[PDB]
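Cβ: placed from backbone, ideal geometry, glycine included. Neighbour counts: every protein chain shown. Nothing in this text is a laboratory measurement; each read-out follows from the coordinates by a stated rule.
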Amino acid sequence: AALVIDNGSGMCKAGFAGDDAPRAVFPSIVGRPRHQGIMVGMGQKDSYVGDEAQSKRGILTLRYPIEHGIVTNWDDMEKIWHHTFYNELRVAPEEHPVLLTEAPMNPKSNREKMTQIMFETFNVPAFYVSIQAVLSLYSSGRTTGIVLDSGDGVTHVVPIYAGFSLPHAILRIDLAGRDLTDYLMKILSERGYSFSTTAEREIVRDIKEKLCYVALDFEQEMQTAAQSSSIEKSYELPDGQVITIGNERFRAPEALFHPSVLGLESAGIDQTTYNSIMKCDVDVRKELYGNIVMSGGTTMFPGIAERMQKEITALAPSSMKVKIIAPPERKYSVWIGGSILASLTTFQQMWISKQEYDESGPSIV
Amino acid sequence: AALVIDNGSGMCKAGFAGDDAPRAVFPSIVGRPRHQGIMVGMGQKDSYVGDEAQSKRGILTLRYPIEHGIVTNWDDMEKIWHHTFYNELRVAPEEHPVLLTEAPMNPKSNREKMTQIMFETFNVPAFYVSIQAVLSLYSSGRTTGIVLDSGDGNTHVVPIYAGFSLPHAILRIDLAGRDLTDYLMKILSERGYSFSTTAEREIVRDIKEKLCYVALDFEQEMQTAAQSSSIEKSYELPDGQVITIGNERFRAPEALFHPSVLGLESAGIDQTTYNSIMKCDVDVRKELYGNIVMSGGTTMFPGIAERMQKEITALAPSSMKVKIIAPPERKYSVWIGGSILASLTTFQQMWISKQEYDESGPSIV
Amino acid sequence: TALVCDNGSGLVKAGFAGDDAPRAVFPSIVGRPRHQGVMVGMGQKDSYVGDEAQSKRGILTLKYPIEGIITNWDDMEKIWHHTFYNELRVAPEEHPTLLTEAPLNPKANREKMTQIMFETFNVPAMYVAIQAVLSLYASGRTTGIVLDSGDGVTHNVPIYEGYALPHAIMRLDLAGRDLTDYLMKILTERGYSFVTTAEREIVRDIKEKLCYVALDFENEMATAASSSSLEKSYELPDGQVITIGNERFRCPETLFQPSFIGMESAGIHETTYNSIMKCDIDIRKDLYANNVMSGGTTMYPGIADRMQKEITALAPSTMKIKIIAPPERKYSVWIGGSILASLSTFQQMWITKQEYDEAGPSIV
């Protein structure tokens, strides 16, 4: 059996080939103690990965190697994996084939470097790197799909025609679940809240994930909150103190369609779907309009699939089969893309072998 | 039973002998990959043909290997026949007498090329190649008749007498079904459309194929377009936006009679129909006048039979029997004519046999 | 003095007669507000215009009024209503204005161009002028086929006796926008970000700065894949020094083999042979010898050496190939206007305010 580790800008996702749910779902953080000690409590282990590092904000300095799918730092990424093998998945890398994810439009040098580390500091028998949305497309039951990922870091739209991604339309807004929380932290503080700590960033993250939704129309909904507390939803903080969130609740996800609310003056995910599809050829486009597949955690907000269905019905040809297929499991579909792909008896011949690596080297990827 | 395959320069038509209507009708395109993959979707078949290729021209390269009824690229042609057997008609060539076409006055090197590729690759027990226009006349029910075979690529006028195409009179105009469309694509962008992809041009093609017609007088019609919305025809695009096509509808048909609109200083089809009768002997001419047969997909324009009937009686004085027969099946008469010709109990002795091929070589024609 | 304005979808350039270099230059773009949005310092403006529309895009969405050819008039009017006012600080009422059109500019839109100029503007005299004729004029040539290429436009125009043969003009829609989106595939496939409209604004520039054609396709395909020469570093306007390489040839080679996107059009060398092959026989002599290029997308280093070879391969070898490349070229249609507006014989050629009154839009 093989291994699959989705290296997410917020949450990394490890496991084996064949399983349905990701075996090690964890924050992609490496944490290093600011002054390293002799003992327990004091800050003893040279780097901490996942939720331990995160609890231990008192002792550590927290670092995320992967920003917008682009792995920026390889010393933190590697040291994650030393822990993904020996501490998370509780395996020995040299025994199991590995599939790791990479962004839609991810660096060749970053690919070629990941290629290096895996067969080398980890000696894994076999490896393959795979483009995030294309793997969501595999978990969507397709060969053809305009797939739109929004993870914690990156938000990429891809026209998959017959398994081939068409790069000449692969689009993006650098706006995702992390930028989304920061918006809600602002607009609660502007409601009058003091939310400032990273702990209260997790408060503002939780509120985002549970109470934030995408209005079917933005302006209408605003005055709907103005006229009714319908929208207003209570929240029990770790204080026990109940707060109330109101028109914030739909303003926060609406970054994704109206990005410019953060000051991030891009076109919205609606617009970028359309603009990906036009940059394709016309028969591709037909099935892209019918095979708009959503992916990521930030694709989860209430109303988003219906809203995308609304907007793209107007933006696409009136007589077209517009069809969103929003995955229920979409915070993980990229790992479910990996695990199926690794388990594919066909795909067994598509792995990078240890042989081709030692005869040809990292440049074959 | 035998087979018949009218290799149209845009639409090829195939089937068994003695069927009334064509069993395999498809575009003549073979597509190769840009770079083939190995798996599902990604380029697994070295050569996708006809309708299949069309859907997949994203990942492929297409070429339409047949110009003015004459095959330019015999690689693609061999592959097209290989298609119609195994994929379309779902048969094995070696079981089959085959009849294929060649355009009026098609060259014998080209003929002989085809003549071979049957009996050495496809090893068919019998074969024949037939002159499109004479086959139309057969399917008309005449010995004698001046045929205008006007289709996607070629427009050819042929005076048949007693079952003989008079080769010296076969007159030719080089604008036809595609030259017509691409003119209409400009004249649609002159009104204000932005049809520029191949499938934005499939729109243009199907507009010509649905709303267009040949005016009886070009002036009265131009003026009537500029007044009353009877000439105006609305069209539901594969956009669903209904648009309206007006004075374009006939001014693109008027290219065939005044090729000068393209800048093609060639005599109108009417004039050529007249002139071809004038390029034959005096006595037989009145029969050619009484039996002008239109074949081809392009003479399936509305108004066109009526119009040629107007113009040849006005390009004569008045009294003489001019007569256009443009059959309701004229896109396919060449096929139905091969069907009959192959089914002829008499004409069984006129097949090119697999035996006489191997004894006497492809030049026997 | 007169006023002169080269309207492109990329850049609109203005100024006066007599000056050698364009007085105004701006992107052709306005923004109309997705919310009521006080840019604290101005009042509630209708439209932020050009390098203003994109400055504040978050409030107000970018459109291009004229994709070489005029579509939308509410944006369009704000562009003529930028250039006089903010850009030149001049009043329309005062100044005989000349405006351009990309070659093959149609009946209906020019009628309304002429209308608006005399009404909401009141200009004392206006003249629209066909971009490629003005290029050849600014060149100092009587005759010769011209090739405009731009962000939205490309054009082959046979000029004789100061006159374009209209019928023989080809526009190529595959222009510099297509090219910048293509570069924007490829760097992204190497792994850079480059795909928001902000990063279009970057990837336009990088191309303009570093992207060349090279004389042979096969040999340059060899160098690209094998040698560390292709790479050039570049700070984009955040700070990330990237490395562009290969694409520098693998983008503008689309003007020569448009198939690179899957658009199948004949390459410029083909279109130019065929545009001259929309003209006669021996009369073709110094069309082949006075072949002028124009616009934005003609800046690419390598194209001329390439094109001369590729046009000569197509053609009966005795034709004297002489293709001219000025260094000012984004402005050649402005400098075809200004000096030709200053030229005295032209006072009679303008469309006056008076003649408009009697003739209506129908004088354009």
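Of everything in segment A:268-290, what is facing another protein chain (nearest Cβ under 10 Å), assigned to a helix (DSSP H, G or I) and not basic (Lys, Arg)? Give them in sequence order.
A:271, A:272, A:275, A:276, A:278, A:282, A:283, A:284, A:287
Six or more apart or on different chains, Cβ atoms under 8 Å: show the pairs whose first residue is in segment A:70-85 and more than 14 Å from every other protein chain (Cβ to nearest Cβ) and farther than 18 Å from residue A:25 by Cβ and whose second is aromatic (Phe, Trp, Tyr) and surrounded by 19 or more Cβ atoms within 10 Å (Cβ to Cβ).
Hits for this filter: A:76/A:64.
Kindly provide the set of residues from segment A:331-349 that are among the aliphatic types (A, V, I, L, M), within 14 Å of chain B (Cβ to nearest Cβ) and part of a helix (DSSP H, G or I), ordered by number.
Of everything in segment A:331-349, those that are among the aliphatic types (A, V, I, L, M), within 14 Å of chain B (Cβ to nearest Cβ) and part of a helix (DSSP H, G or I) turn out to be A:340, A:341.
When only residues in segment C:197-234 that are within 23 Å of the chain's Cα centre (by Cα) and among the β-branched types (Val, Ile, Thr) count, which is farthest from the other protein chains (Cβ to nearest Cβ)?
Applying the filter and picking the extreme gives C:213.
So, in segment A:141-162, of the ones that are among the hydroxyl-bearing types (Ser, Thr, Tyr) and surrounded by 24 or more Cβ atoms within 10 Å (Cβ to Cβ), which residue ends up farthest from the other protein chains (Cβ to nearest Cβ)?
Across segment A:141-162, the extreme among qualifying residues is A:150.
When you look at residue C:30, is it buried (at least 24 other Cβ atoms within 10 Å of the Cβ) and farther than 25 Å from residue C:125 by Cα, yes or no?
Answer is yes for this residue.
In segment A:99-139, what residues are among the small types (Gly, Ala, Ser) and away from every other protein chain (no Cβ under 14 Å)?
If the condition is that a residue be among the small types (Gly, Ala, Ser) and away from every other protein chain (no Cβ under 14 Å), then A:126, A:136, A:139 are the ones that fit.
Can residue A:50 be described as away from chain C (no Cβ under 14 Å), surrounded by 12 or more Cβ atoms within 10 Å (Cβ to Cβ) and over 18 Å from the mean Cα position of the chain (by Cα)?
No, not satisfied.
Suppose the filter is among the charged types (D, E, K, R) and in contact with a helix residue (DSSP H, G or I) (Cβ under 6 Å, 6 or more places away or on another chain); does residue B:186 pass it?
Numbers: among the charged types (D, E, K, R): yes; in contact with a helix residue (DSSP H, G or I) (Cβ under 6 Å, 6 or more places away or on another chain): no.
Considered against the rule, which asks whether it is among the charged types (D, E, K, R) and in contact with a helix residue (DSSP H, G or I) (Cβ under 6 Å, 6 or more places away or on another chain), residue B:186 comes out as no.
When segment B:218-271 is examined, which residues are found to be farther than 22 Å from residue B:298 by Cα and of a type in the set (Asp, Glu)?
The answer is B:219, B:236, B:239.
With respect to residue B:149, is the statement that it is touching a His at 6+ places or on another chain (Cβ under 7 Å) and acidic (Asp, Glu) true?
When the stated conditions are applied, residue B:149 passes them.
Restricting the search to segment A:309-330, which residues are farther than 20 Å from residue A:159 by Cα, without any contact (Cβ under 8 Å) to a residue 40 or more places away in the chain and away from chain B (no Cβ under 14 Å)?
Once the filter is applied, which keeps residues that are farther than 20 Å from residue A:159 by Cα, without any contact (Cβ under 8 Å) to a residue 40 or more places away in the chain and away from chain B (no Cβ under 14 Å), segment A:309-330 yields only A:328.
Here is a check on your reading of the model: is residue A:352 crowded, with 21+ Cβ neighbours inside 10 Å and either among the hydroxyl-bearing types (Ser, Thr, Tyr) or within 14 Å of another protein chain (Cβ to nearest Cβ) (or both)?
No: the conditions fail for residue A:352.
Return only the number of the condition from (1) surrounded by fewer than 17 Cβ atoms within 10 Å (Cβ to Cβ); (2) touching a residue at least 60 places away in the same chain (Cβ under 8 Å) that residue C:277 does not satisfy.
It fails just one condition, (2).
Consider residue B:62 against the criteria (1) at negative phi; (2) out of contact with any helix residue (DSSP H, G or I) (no Cβ under 8 Å at 6 or more places or on another chain); (3) within 14 Å of chain A (Cβ to nearest Cβ): it satisfies all of them except one. Which criterion is unmet?
All conditions are met except number (2).
Taking the residues in segment A:254-267 that are surrounded by 19 or more Cβ atoms within 10 Å (Cβ to Cβ) and in a loop (DSSP other than H, G, I, E, B) as candidates, determine which candidate is farthest from the other protein chains (Cβ to nearest Cβ).
A:257
Restricting the search to segment C:42-84, which residues are more than 21 Å from residue C:23 (Cα to Cα) and of a type in the set (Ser, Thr, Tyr)?
C:47, C:55, C:61, C:64, C:71
Quick check on residue B:332: is it crowded, with 21+ Cβ neighbours inside 10 Å, aromatic (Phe, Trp, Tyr) and farther than 30 Å from residue C:278 by Cβ?
Numbers: crowded, with 21+ Cβ neighbours inside 10 Å: yes; aromatic (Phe, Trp, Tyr): yes; farther than 30 Å from residue C:278 by Cβ: yes.
Yes: the conditions hold for residue B:332.
In segment C:173-193, is there at least one residue being aromatic (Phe, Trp, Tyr), in contact (Cβ under 8 Å) with a residue 12 or more places away in the chain, touching a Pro at 6+ places or on another chain (Cβ under 8 Å) and within 14 Å of chain A (Cβ to nearest Cβ)?
Yes - at least one qualifying residue is present in segment C:173-193.
State the number of residues belonging to segment B:19-39 that are within 11 Å of chain A (Cβ to nearest Cβ) and not in a loop (DSSP other than H, G, I, E, B).
Total meeting the criteria: 1.
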